[PDB]
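# 3D model of this:
(one chain, ligands or ions: 2)
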Amino acid sequence: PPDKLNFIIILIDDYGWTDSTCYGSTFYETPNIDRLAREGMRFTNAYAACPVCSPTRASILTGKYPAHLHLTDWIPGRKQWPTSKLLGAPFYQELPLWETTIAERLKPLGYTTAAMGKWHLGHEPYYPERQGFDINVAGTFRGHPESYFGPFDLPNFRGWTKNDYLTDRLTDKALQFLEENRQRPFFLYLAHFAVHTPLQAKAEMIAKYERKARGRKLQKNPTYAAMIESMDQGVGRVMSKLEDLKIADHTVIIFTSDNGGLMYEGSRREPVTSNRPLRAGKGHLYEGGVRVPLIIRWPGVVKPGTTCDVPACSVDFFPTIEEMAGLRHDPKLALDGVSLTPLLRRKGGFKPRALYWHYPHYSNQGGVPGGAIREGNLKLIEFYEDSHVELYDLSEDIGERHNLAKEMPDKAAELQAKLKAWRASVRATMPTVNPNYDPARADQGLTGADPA
Ligand SMILES: [Ca+2]
Ligand SMILES: [Ca+2]
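Residues are numbered from 1 along each chain as shown. Ligands and ions are numbered 1, 2, ... in the order given. Let me share the structure:
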């Protein structure tokens, strides 16, 4: 007969567009992720459907936009500033069980399914076992690890010692799943806790990067760089286990991020990484917070070493996988993604389209309520506090410094209206004018509030 495809999604947490060597970094050292890029297709215009953790994770699994899911902030969300211009919108504190995940869709084709690492889509019963997965390892309502060192006390991930590194032990448990299901068709959602705060790593590895951090100016944080090395080791271990088991040939790998790099977590004087050239990072609707790494190895279909400039989003993985597994798109599902198989096959037929964002919240990283649309090369951001819009040309201004909104006031009007129409198509919940808005004491004093 043929060879049913396996699927691994490797999802690094808060991993920036430029936090890998094959994406421009000179600090961070990511040799395995590089080998994956050389073995596959690297996407220059890949996006996360939301600039914070929970909703992007909900996007990936459902093929639906966060605004459409009504899960639009990280759970449970920034505390309300008592005096801001806006009251945050309410949202589901869980990925609802009535949403279909890619795991549920594969199950009936004989797939074994596991979610391992960061869940952050609600308390149990909204955990993975009740959402298409056979195995949960380390998933909870939590959006971060208490520590990167043992002992541990998480679901099916219980106990090591103060000398055991999380990223290392999580990887062993994922290898365990590969070893167990070596002969079966499987889907693995591998969501590292890396590289979310708190910054902790092996001392010897930190030392390496302090020696390199001298007069670096930009990407400067040794602990973080070490987190990335320990993460990159975990990725090689997966890649090379697939070799030892003689199934790399028919296993699809998708390597990406749930949002852009952290840089100025709420009133902290130091940034964690930098996304230059891109403006800002995690918690913002600027490209820093939404443009992410995306590498796809599909041995024998994706010509290795290729790249793709076409904009892709978290919503596209559901239908991509569905089609990779020989499934008819269910017309009752009403997803927001399209399949990337035409791009991966370097064939044509990939219809040109718009991407949408909707973040009716204040973020912990300086972000403010807004939405955005990207059509071809132009990108409009709408700021919900005062309805003002910014428009950038990302072919000429990837760093979003020159605002064209005054210069091209009709493309601005066109895109704002296209975005408003989408907001309606999905009944995006909007924020509200705060009755206790007091401009005097409305500054929340988060160091991320752009200037760039
Ligand atoms: Ca995240
Ligand atoms: Ca379900």
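
# for residue 146, see how far away residue 154 is.
10 Å (CB to CB, to the nearest Å). In this view, the C-beta of every residue, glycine as well, is placed from N, C-alpha and C.

# the two: who's more crowded?
Remark: of residue 154 and residue 146, residue 154 carries more neighbours, 20 against 11, as counted by other CB atoms under 10 Å.

# how close does the more buried one sit to ligand 1?
As for residue 154, its distance to ligand 1 is 18 Å (criterion: CB to the ion, to the nearest Å).

# so what's the closest residue to ligand 1 within the chain up against?
Per CB to the ion, residue 53 is where the chain lies closest to ligand 1, at 3.3 Å. By CB atoms under 8 Å, 6 or more residues apart in numbering, residue 53 lies in contact with 13-14, 74, 118, 120, 143, 196, 258-259.

# identify the residue nearest the residue positioned nearest the centre of the chain in space, chain neighbours excluded?
Nearest residue to the geometric centre of the chain (CA atoms, centre = their mean): residue 258, 1.3 Å. The shortest distance from residue 258 to any residue other than its chain neighbours is 4.1 Å, reached at residue 56 (CB to CB, 6 or more residues apart in numbering).

# shouldn't that neighbour be within a helix?
Yes - according to DSSP: H, G, I helix; E, B strand; the rest coil, residue 56 belongs to a helix.

# how about the contacts made by it?
48-50, 66, 258-259, 314.

# compare these and tell me which is most surrounded.
Greatest neighbour count in the contacts of residue 56, by other CB under 10 Å, goes to residue 314: 33 neighbours.

# what values do phi and psi take at it?
phi -50, psi -40 (degrees, to the nearest 10).

# cool, residue 103 as well?
Dihedral pair for residue 103: phi -60, psi -50, per degrees, to the nearest 10.

# neighbours around the nearest residue to it once chain neighbours are set aside, how many?
Ranked by CB to CB, 6+ apart and with sequence neighbours excluded, the top spatial neighbour of residue 103 is residue 132, at 3.0 Å. Residues within reach of residue 132, counting by other CB under 10 Å, total 20.

# hmm, residue 132 is touching residue 101, no?
Yes - Residue 132 is within contact range of residue 101, at 4.5 Å (criterion: CB atoms under 8 Å).

# near ligand 1, which residues of the stretch 301-450 of the chain?
Within reach of ligand 1 by CB under 5 Å from the ion, the stretch 301-450 of the chain has no residues at all.

# which of the three states applies to residue 358?
Applying three-state DSSP: residue 358 is strand.

# for residue 145, list the residues it contacts.
So residue 145 contacts 166, 193, 196, 198 (CB under 8 Å, 6+ apart).

# of the residues you listed, which belong to helices?
Residues of those located in helices (DSSP state H): residue 166.

# mind listing what's buried in stretch 330-338?
By neighbour count on 16 or more other CB atoms under 10 Å, the buried set for stretch 330-338 is 335-338.

# of those, which is the nearest to residue 310?
residue 338 (10.6 Å; CB to CB).

# do you know how far that closest one is from residue 322?
11 Å.

# for residue 368, give its distance to residue 276.
21 Å.

# between the two, which has more neighbouring residues?
residue 368 (24 against 17).

# ok, which stretches of the stretch 251-400 of the chain are strands?
Using DSSP state E, counting those that start in this stretch, the strands found in the stretch 251-400 of the chain span residues 251-257, 291-292, 294-297, 306-308, 312-313, 354-359, 370-375, 378-383, 389-393.

# sorry, wrong one. I was asking about the stretch 51-200 of the chain.
Going by DSSP E, counting those that start in this stretch, the stretch 51-200 of the chain shows strands at 86-87, 112-117, 135-137, 153-154, 157-158, 186-191.
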